[PDB]
There are 2 protein chains.
Amino acid sequence: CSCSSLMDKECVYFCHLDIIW
Amino acid sequence: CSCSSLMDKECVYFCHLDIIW
């Protein structure tokens, strides 16, 4: 995923899925 | 977690973690 600088209004529903969970 | 009716502005950073991942 690309990220919204330190999780914010747009980073996980996406990211803390396959990186680490 | 409690949820924001079908994921929205508030349901995963939290939920698609320990339920299913």
# chains A, B, ... in the order shown; residues from 1 in each chain; ligands from 1
>>> calpha_fit_and_write(fixed="chain B", moving="chain A", output="PDB file with N, CA, C and O atoms, in the first residue's frame")
ATOM      1  N   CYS A   1     -14.249  -5.067  18.747  1.00  0.00           N
ATOM      2  CA  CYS A   1     -14.421  -3.624  18.433  1.00  0.00           C
ATOM      3  C   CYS A   1     -15.899  -3.401  18.263  1.00  0.00           C
ATOM      4  O   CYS A   1     -16.676  -4.377  18.286  1.00  0.00           O
ATOM      5  N   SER A   2     -16.302  -2.134  18.242  1.00  0.00           N
ATOM      6  CA  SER A   2     -17.703  -1.775  17.952  1.00  0.00           C
ATOM      7  C   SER A   2     -17.441  -1.375  16.496  1.00  0.00           C
ATOM      8  O   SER A   2     -16.283  -1.238  16.114  1.00  0.00           O
ATOM      9  N   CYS A   3     -18.450  -1.151  15.671  1.00  0.00           N
ATOM     10  CA  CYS A   3     -18.112  -0.753  14.310  1.00  0.00           C
ATOM     11  C   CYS A   3     -18.891   0.422  13.780  1.00  0.00           C
ATOM     12  O   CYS A   3     -19.938   0.773  14.315  1.00  0.00           O
ATOM     13  N   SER A   4     -18.354   1.058  12.747  1.00  0.00           N
ATOM     14  CA  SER A   4     -19.049   2.162  12.105  1.00  0.00           C
ATOM     15  C   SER A   4     -19.740   1.597  10.863  1.00  0.00           C
ATOM     16  O   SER A   4     -19.195   1.667   9.758  1.00  0.00           O
ATOM     17  N   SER A   5     -20.908   0.986  11.093  1.00  0.00           N
ATOM     18  CA  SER A   5     -21.765   0.376  10.073  1.00  0.00           C
ATOM     19  C   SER A   5     -21.097   0.207   8.739  1.00  0.00           C
ATOM     20  O   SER A   5     -21.062   1.146   7.968  1.00  0.00           O
ATOM     21  N   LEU A   6     -20.650  -1.002   8.425  1.00  0.00           N
ATOM     22  CA  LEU A   6     -19.937  -1.257   7.170  1.00  0.00           C
ATOM     23  C   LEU A   6     -18.777  -0.285   6.952  1.00  0.00           C
ATOM     24  O   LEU A   6     -18.933   0.798   6.338  1.00  0.00           O
ATOM     25  N   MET A   7     -17.660  -0.684   7.588  1.00  0.00           N
ATOM     26  CA  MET A   7     -16.322  -0.047   7.649  1.00  0.00           C
ATOM     27  C   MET A   7     -16.029   1.455   7.748  1.00  0.00           C
ATOM     28  O   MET A   7     -15.199   1.837   8.571  1.00  0.00           O
ATOM     29  N   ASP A   8     -16.752   2.283   7.005  1.00  0.00           N
ATOM     30  CA  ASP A   8     -16.547   3.737   6.916  1.00  0.00           C
ATOM     31  C   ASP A   8     -15.390   4.506   7.583  1.00  0.00           C
ATOM     32  O   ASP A   8     -14.312   3.962   7.806  1.00  0.00           O
ATOM     33  N   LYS A   9     -15.614   5.798   7.834  1.00  0.00           N
ATOM     34  CA  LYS A   9     -14.652   6.716   8.447  1.00  0.00           C
ATOM     35  C   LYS A   9     -14.146   6.252   9.808  1.00  0.00           C
ATOM     36  O   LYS A   9     -13.362   6.961  10.446  1.00  0.00           O
ATOM     37  N   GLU A  10     -14.508   5.035  10.213  1.00  0.00           N
ATOM     38  CA  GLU A  10     -14.135   4.564  11.536  1.00  0.00           C
ATOM     39  C   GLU A  10     -14.295   3.040  11.795  1.00  0.00           C
ATOM     40  O   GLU A  10     -14.950   2.672  12.771  1.00  0.00           O
ATOM     41  N   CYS A  11     -13.752   2.137  10.973  1.00  0.00           N
ATOM     42  CA  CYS A  11     -13.941   0.736  11.373  1.00  0.00           C
ATOM     43  C   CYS A  11     -12.743  -0.215  11.279  1.00  0.00           C
ATOM     44  O   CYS A  11     -12.692  -1.263  11.945  1.00  0.00           O
ATOM     45  N   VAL A  12     -11.721   0.180  10.537  1.00  0.00           N
ATOM     46  CA  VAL A  12     -10.517  -0.642  10.446  1.00  0.00           C
ATOM     47  C   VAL A  12      -9.281   0.245  10.452  1.00  0.00           C
ATOM     48  O   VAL A  12      -9.166   1.207   9.741  1.00  0.00           O
ATOM     49  N   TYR A  13      -8.454  -0.120  11.408  1.00  0.00           N
ATOM     50  CA  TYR A  13      -7.188   0.401  11.935  1.00  0.00           C
ATOM     51  C   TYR A  13      -7.365  -0.421  13.250  1.00  0.00           C
ATOM     52  O   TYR A  13      -6.408  -0.783  13.944  1.00  0.00           O
ATOM     53  N   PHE A  14      -8.652  -0.744  13.473  1.00  0.00           N
ATOM     54  CA  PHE A  14      -9.282  -1.500  14.531  1.00  0.00           C
ATOM     55  C   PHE A  14      -9.753  -2.928  14.145  1.00  0.00           C
ATOM     56  O   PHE A  14      -9.099  -3.917  14.507  1.00  0.00           O
ATOM     57  N   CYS A  15     -10.872  -3.009  13.403  1.00  0.00           N
ATOM     58  CA  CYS A  15     -11.514  -4.270  13.036  1.00  0.00           C
ATOM     59  C   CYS A  15     -10.926  -5.343  12.087  1.00  0.00           C
ATOM     60  O   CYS A  15     -10.963  -6.541  12.431  1.00  0.00           O
ATOM     61  N   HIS A  16     -10.477  -5.004  10.878  1.00  0.00           N
ATOM     62  CA  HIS A  16      -9.868  -6.077  10.079  1.00  0.00           C
ATOM     63  C   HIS A  16      -8.386  -6.172  10.485  1.00  0.00           C
ATOM     64  O   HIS A  16      -7.442  -5.622   9.836  1.00  0.00           O
ATOM     65  N   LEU A  17      -8.319  -6.688  11.722  1.00  0.00           N
ATOM     66  CA  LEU A  17      -7.160  -6.998  12.555  1.00  0.00           C
ATOM     67  C   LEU A  17      -7.584  -8.370  13.108  1.00  0.00           C
ATOM     68  O   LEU A  17      -7.787  -9.299  12.324  1.00  0.00           O
ATOM     69  N   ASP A  18      -7.874  -8.480  14.401  1.00  0.00           N
ATOM     70  CA  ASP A  18      -8.259  -9.791  14.949  1.00  0.00           C
ATOM     71  C   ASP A  18      -9.564 -10.554  14.529  1.00  0.00           C
ATOM     72  O   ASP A  18      -9.737 -11.725  14.907  1.00  0.00           O
ATOM     73  N   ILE A  19     -10.500  -9.947  13.799  1.00  0.00           N
ATOM     74  CA  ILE A  19     -11.686 -10.739  13.414  1.00  0.00           C
ATOM     75  C   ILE A  19     -11.185 -11.701  12.350  1.00  0.00           C
ATOM     76  O   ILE A  19     -11.216 -12.924  12.517  1.00  0.00           O
ATOM     77  N   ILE A  20     -10.753 -11.104  11.242  1.00  0.00           N
ATOM     78  CA  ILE A  20     -10.198 -11.800  10.087  1.00  0.00           C
ATOM     79  C   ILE A  20      -9.112 -10.839   9.651  1.00  0.00           C
ATOM     80  O   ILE A  20      -9.243  -9.623   9.839  1.00  0.00           O
ATOM     81  N   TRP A  21      -8.050 -11.380   9.077  1.00  0.00           N
ATOM     82  CA  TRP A  21      -6.950 -10.574   8.596  1.00  0.00           C
ATOM     83  C   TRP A  21      -6.278 -11.173   7.368  1.00  0.00           C
ATOM     84  O   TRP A  21      -5.114 -10.824   7.044  1.00  0.00           O
TER      85      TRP A  21
END
